[PDB]
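*Asks:* Just the structure for this:
(chains A and B)
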Amino acid sequence: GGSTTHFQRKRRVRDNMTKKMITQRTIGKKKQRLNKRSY
Amino acid sequence: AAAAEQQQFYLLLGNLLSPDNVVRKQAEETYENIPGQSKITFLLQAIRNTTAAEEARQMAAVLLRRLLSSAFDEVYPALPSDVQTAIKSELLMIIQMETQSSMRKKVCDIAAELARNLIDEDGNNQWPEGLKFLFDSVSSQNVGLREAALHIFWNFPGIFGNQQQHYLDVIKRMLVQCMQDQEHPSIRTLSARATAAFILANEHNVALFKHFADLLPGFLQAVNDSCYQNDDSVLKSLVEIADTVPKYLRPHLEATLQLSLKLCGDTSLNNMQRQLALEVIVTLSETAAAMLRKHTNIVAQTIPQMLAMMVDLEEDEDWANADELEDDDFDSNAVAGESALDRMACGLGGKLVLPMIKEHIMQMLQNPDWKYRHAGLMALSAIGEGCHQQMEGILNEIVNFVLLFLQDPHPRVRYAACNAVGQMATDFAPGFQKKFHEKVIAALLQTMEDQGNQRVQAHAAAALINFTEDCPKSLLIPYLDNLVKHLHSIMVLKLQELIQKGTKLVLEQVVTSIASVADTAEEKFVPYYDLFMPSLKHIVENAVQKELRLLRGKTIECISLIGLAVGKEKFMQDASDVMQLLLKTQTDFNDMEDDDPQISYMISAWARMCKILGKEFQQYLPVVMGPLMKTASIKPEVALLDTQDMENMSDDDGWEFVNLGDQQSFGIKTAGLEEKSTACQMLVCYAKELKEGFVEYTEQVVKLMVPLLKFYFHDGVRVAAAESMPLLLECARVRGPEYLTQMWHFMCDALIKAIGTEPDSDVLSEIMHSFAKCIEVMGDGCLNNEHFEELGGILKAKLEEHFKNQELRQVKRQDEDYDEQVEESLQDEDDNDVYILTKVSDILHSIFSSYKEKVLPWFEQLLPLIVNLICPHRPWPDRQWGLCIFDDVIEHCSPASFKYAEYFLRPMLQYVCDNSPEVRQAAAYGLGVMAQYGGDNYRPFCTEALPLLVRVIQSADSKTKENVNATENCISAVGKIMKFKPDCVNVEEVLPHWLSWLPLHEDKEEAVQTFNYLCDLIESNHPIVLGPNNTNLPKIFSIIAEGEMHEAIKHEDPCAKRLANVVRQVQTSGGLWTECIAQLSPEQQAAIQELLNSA
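*Replies:* Residues are numbered from 1 along each chain as shown, chains lettered A, B, ... in the order given. Structure data below:
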């Protein structure tokens, strides 16, 4: 449909250097969806 | 002789009380083979006999409940009805005459489980005796029978088949009456819990929610009364209600909020009760923010409570000497308050939270207590993400105030200031760095280099890491020298201290900071390479003992990042030694668990070294591929327990439990999931980097990643498994078409099934993108008939879901609680839906390009929905993608597409004049592709399409950054119609106007087409382009020079050469070239020279 109009991943991101001592990773709750909604 | 059997049963129960392994095994072996009916009769006899010890009775009751809930299907049917009636009557009799509370509750659990397992069919109780007993139980005098009835009701809230028809009023009256007595508090708590469970079970029932609203004051009074008796059982029910069904609280929400505030402000209660009371409001903010935003007073009163929680810091003298990053607690008041502040700021939004917390923070940052300043800095750190847009215009004074606290008399306040700076750099990126680098870098470096406290230094280094990670490379080069100095001297000092003492806290942060600086500086780190590599290797060779494993992993990661930054040329002088170090480490450490910190740092190091060492790395592939595949296919431990059993496993070694429906607990061990995600991503990177060299390991990776598509425990694993699909096909392409077909037969069914099943929108979009890419890899026969049918069904379901979600969102609007933030959430959902539609169009384009005219009968079933997408009243995102799909149909499935032209041709002709630039672009591309791959059938429509296209092109506001792309597409369409259909265009009149619109510069694949047309006209003869003699040549030369700039790729594309030769075709007589080039800008002359040199 135009080639350039296809395969665009606009809404994606990436990063390196895992750890980052100072972070908001505490996230005890929130992001609670239970994607394993089976059985 | 039943007496001997009972004696043996009591003996084995007594053995089970204090088992040890021997009688553990022997009792399990003896018990697992007992006949089911004999088991039921024996357990009932044991429960009835009130002579043995309470432990035996309780243990037997637990056995009966577990046996029922596990294997009711094999110990009840196909048995005499007399036995069933006898056991039911026995259970009711034991319930009636039981006196001890615990045993009565256990038998209530047993009876509720039986009634749950004896419903069957569409839902109708087969045990009317149980319901009758419950009704005559709750309306009685003795409190034991009422407790039994309420516990039966709570355990299975739903022993009914016609509750709405007749029994709703009776249930409401029973619960109201039970939450009214003043002599037995235990009845009130049980009734409140029963009401909460009944409301939770009957979810998605607005009528029930409005009919049961009169019970809320009693529930709130019950939880208030219970929380003062060291019993938070009802508070947990309130938290569950607020989490799952907040609308139930809407009648009395204010009252509820006030109660929580009281329960959060009362110091008499322990920490857990106050934290749960706060969690009520926090969960309400997270789940139902629109309902809570109306009560601003409650938020304005709850913010001081959380701020006063964070002042609850214990003066610890064993702080500055701590050498490990000990876990915070997640139980102390300060951490819970900070987390609650973060969650509420994220949920309610900054527009409401910021005005009431800003003044509190600014007032607390002045209190001479070292605890109020710490709390203020931590609140500033916490509210950073939630109040993002509102704090973006106030960042200057906040930063200037925070940076003044790095020079503070108290070390903990400086630690908090470093935390605030680092968290603000993380949240406000990359705008924080550009406007504040000059002061932030200087302050952090000054704090790091001159300090007597070794916990402020490490946290300042971590803040520097957070700052430099997102800092663009352009504005860091001036600071590279002043970073390498003050990062190398401190490394030297800390490495000296590491040999004598055992200090590692600040050395790890310094190493990570150097790694981050090198990573973000890339090739500019070469002059400083020799400053760091000899020392870093010295850390890797040493630090071989335990409790330095994190240091070794960080040093190895830093070495890998520095090597990747400096490139292969400079790295290939110590690369052999680093390879030996990594090999020795890999062969040494490979004896520990999967939570060893050197199991996520070694894999990424190996992948980085693969990136550095390209194809030479193939030698080391067998060594790395072992442990990577071992840790990429770990199966997490999962257990399906009962809720009454879940409590009993309170060891909590890492078990994460979720309360499944109807008294069940589902637990998974989240130990190694992140390592699995890292290993899968590194497998994807390995395949991408190696291509043909990965063919030996392609089969194992395919057989591992195909099941991982249905791995719902981690989204990253599923995303990596989806991404690896086309890369592995490209790797296996080398072995021939048969190997490709085998791998595709492995992957195709799994991908198709995962497309129509994935809950997550992002993972689903990635899966659809990967499937489209895989189809693009293998064309003309990659799908069977079964795959075609399944794909058609799934795509029709997806389009129907997309159409229905718009109506569902419209119903979501016009609600009792709708504001701006709800609209923003709905817009985000709309964006996700449009992305899924984009991926659907991608899959359709791949299928069309692969199959051509043979796939139209399959597209017949999807045609009505695509026609629906192009409806004039639809939003522009739907119309654009419908037109794109029809353009694909035209390009690849012609000249048979005339059968479908009545559906799209008139909308295509109409939409060229649309207000939306994207719909205009799609319609223009469709009109252009009509002439090129349409044949003689679409001949008369080009005559109609041309005037509309020229009208769109010649209109004003056509070259602005918005409508420019649509105008470029229209120009390309007119050029294609002129070239491939010159009979009905009158080219001699359009071409002089067409030359004015040239060239194109932001559309690349249309630019090559239009320049191919320009060359074809030039290479052929006079018309238009070259008029009298060669006087027109200068304007075409100017057009070419203007279009030179990164438009025709200088990699010797077929078009560019045809252009360049033309420039060299005129470069024969100096007379014409001089006059053609005399009226060009110096940039144009340089462009012409570069174009001539490039091809």
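*Asks:* The one residue in the stretch 751-900 of chain B that gets nearest to chain A: which element?
*Replies:* At 3.7 Å from chain A, residue B:884 is the closest residue in the stretch 751-900 of chain B, using CB to the nearest CB. Yep, even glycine has a C-beta here, placed from its N, CA and C like the rest. Assigned by DSSP states H and E, residue B:884 belongs to helix B:876-892.
*Asks:* Also residue B:584?
*Replies:* Per DSSP H and E: helix B:575-589 holds residue B:584.
*Asks:* in terms of contact count, name the helices or strands touching that helix.
*Replies:* Other helices and strands packing on helix B:575-589, by 3 or more CB pairs under 8 Å, 6 or more residues apart in numbering or on different chains; DSSP states H and E, are helix B:526-541, helix B:549-571, helix B:601-612, helix B:621-632.
*Asks:* Chain B contacts on chain A?
*Replies:* A:1-9, A:11, A:15-24, A:26, A:28-30, A:33-39 (CB under 8 Å from any CB of the partner chain).
*Asks:* Of the residues you listed, just the buried ones, PyMOL syntax please.
*Replies:* Selection of buried members from the residues of chain A next to chain B for PyMOL, criterion 16 or more other CB atoms under 10 Å in any protein chain shown:
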select buried, chain A and resi 1+2+5+6+17+19+20+21+22+24
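*Asks:* rewinding a little: which residue packs closest to the residue of the stretch 751-900 of chain B closest to chain A, ignoring adjacent ones?
*Replies:* The shortest distance from residue B:884 to any residue other than its chain neighbours is 3.7 Å, reached at residue A:1 (CB to CB, 6 or more residues apart in numbering or on different chains).
*Asks:* re earlier: let's have the helices and strands packed on helix B:575-589 in a markdown table, adding mean neighbour count.
*Replies:* Output for these, formatted as a markdown table (neighbours: other CB atoms under 10 Å in any protein chain shown):
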| stretch | mean neighbour count |
| --- | --- |
| helix B:526-541 | 17 |
| helix B:549-571 | 22 |
| helix B:601-612 | 22 |
| helix B:621-632 | 17 |
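*Asks:* so which of the ones you listed comes closest to residue B:845?
*Replies:* Among the helices and strands packed on helix B:575-589, helix B:601-612 comes nearest to residue B:845, with 31.6 Å by CB to CB.
*Asks:* now the angle from that closest one to helix B:549-571?
*Replies:* 10 degrees (axes from the mean of the first three to the mean of the last three CA atoms, to 10 degrees).
*Asks:* Which strands and helices lie in contact with helix B:601-612?
*Replies:* By 3+ CB pairs under 8 Å, 6+ apart, helix B:601-612 packs against helix B:549-571, helix B:575-589, helix B:621-632, helix B:673-690.
*Asks:* any residue of the helix or strand just after the third one up close to chain A?
*Replies:* In other words, helix B:621-632. Following helix B:621-632 in sequence order, the next helix or strand is strand B:638-641 (DSSP H and E). Yes. Contact of strand B:638-641 with chain A (CB under 8 Å from any CB) involves residue B:640.
*Asks:* What's the end-to-end length of stretch B:116-127?
*Replies:* End-to-end distance of stretch B:116-127 (CA to CA, to the nearest Å): 10 Å.
*Asks:* Off-centre distance for it?
*Replies:* In terms of CA atoms, centre = their mean, to the nearest Å, the centre of stretch B:116-127 is set 40 Å apart from its chain centre.
*Asks:* same deal with stretch A:22-39?
*Replies:* 12 Å.
*Asks:* ok and the residue in the stretch 401-550 of chain B nearest chain A?
*Replies:* Closest residue of the stretch 401-550 of chain B to chain A, CB to the nearest CB: residue B:422 (3.5 Å).
*Asks:* what's around that residue, how many residues?
*Replies:* Residue B:422 is flanked by 26 other residues according to other CB atoms under 10 Å in any protein chain shown.
*Asks:* again with residue B:383
*Replies:* 26.
*Asks:* Look up the closest residue to the residue most central in space within chain B, ignoring the ones flanking it.
*Replies:* Centrality entry for chain B: nearest residue to the mean C-alpha point is residue B:715, 6.3 Å, by CA atoms, centre = their mean. Spatial nearest neighbour of residue B:715, excluding adjacent residues (CB to CB, 6+ apart): residue B:763 at 5.6 Å.
*Asks:* what about that neighbour, how many neighbours?
*Replies:* 21.
*Asks:* what bridges to the residue in the stretch 551-700 of chain B positioned nearest to chain A?
*Replies:* Residue nearest to chain A within the stretch 551-700 of chain B: residue B:658 (5.9 Å; CB to the nearest CB). Bridge pairing for residue B:658 (DSSP bridges) gives the partners residue B:666.
*Asks:* neighbours of it, just the number please.
*Replies:* Other residues near residue B:658 number 14, with proximity taken as other CB under 10 Å.
*Asks:* Am I right that it is in contact with residue A:34?
*Replies:* Yes. The criterion here is CB atoms under 8 Å, and residue B:658 meets it with residue A:34 at 5.9 Å.
*Asks:* Leaving out sequence neighbours, find the closest residue to the residue of the stretch 151-300 of chain B found nearest chain A.
*Replies:* Residue nearest to chain A within the stretch 151-300 of chain B: residue B:286 (6.4 Å; CB to the nearest CB). Closest residue to residue B:286 apart from its sequence neighbours, by CB to CB, 6+ apart: residue B:347 at 4.6 Å.
*Asks:* and if you look at residue B:174?
*Replies:* Excluding the flanking residues, the one nearest residue B:174 by CB to CB, 6+ apart is residue B:138, at 4.9 Å.
*Asks:* Tell me how far the helix or strand following the helix holding residue B:884 lies from the chain's centre.
*Replies:* Using DSSP H and E, the helix or strand that follows helix B:876-892 towards the C-terminus is helix B:901-911. Here helix B:901-911 shows a centroid-to-chain-centroid distance of 39 Å under the convention CA atoms, centre = their mean.
*Asks:* quick one: helix B:901-911 near chain A?
*Replies:* No. Shown here: helix B:901-911 not in contact with chain A (CB under 8 Å from any CB), separated by at least 12.5 Å.
*Asks:* now stretch B:195-205
*Replies:* No. Stretch B:195-205 is not in contact with chain A by CB under 8 Å from any CB; minimum separation 14.1 Å.
*Asks:* And for stretch B:246-258?
*Replies:* No. Legend: contact between stretch B:246-258 and chain A by CB under 8 Å from any CB is lacking; minimum distance shown is 14.3 Å.
*Asks:* mind checking how far that stretch is from the chain centre?
*Replies:* For stretch B:246-258, the distance to the chain centre is 31 Å (CA atoms, centre = their mean).
*Asks:* now swap in stretch B:344-359 and tell me
*Replies:* Distance, centroid of stretch B:344-359 to centroid of chain: 25 Å (CA atoms, centre = their mean).
*Asks:* Same question for stretch B:566-585.
*Replies:* Relative to the chain's own centre, stretch B:566-585 is displaced by 36 Å; criterion: CA atoms, centre = their mean.
*Asks:* what's next to that stretch, contact-wise?
*Replies:* For stretch B:566-585, the external contacting residues (CB atoms under 8 Å, 6 or more residues apart in numbering or on different chains) are B:518, B:523, B:525-526, B:529, B:533, B:537, B:540-541, B:552, B:556, B:559, B:563, B:598, B:602, B:605-606, B:609, B:612-614, B:620, B:623.
*Asks:* Kindly report the same for stretch B:410-417.
*Replies:* With CB under 8 Å, 6+ apart as the criterion, stretch B:410-417 contacts B:313, B:319-320, B:370, B:373-374, B:377-378, B:381, B:402-403, B:405-408, B:447, B:453, B:455-456, B:459.
*Asks:* Just the ones in helices from the residues you listed, please.
*Replies:* B:373, B:374, B:377, B:378, B:381, B:402, B:403, B:447, B:455, B:456, B:459 (DSSP state H).
*Asks:* Surely the first one is in contact with residue B:365?
*Replies:* Yes. With contacts defined as CB under 8 Å, residue B:373 counts as touching residue B:365 at a distance of 5.7 Å.
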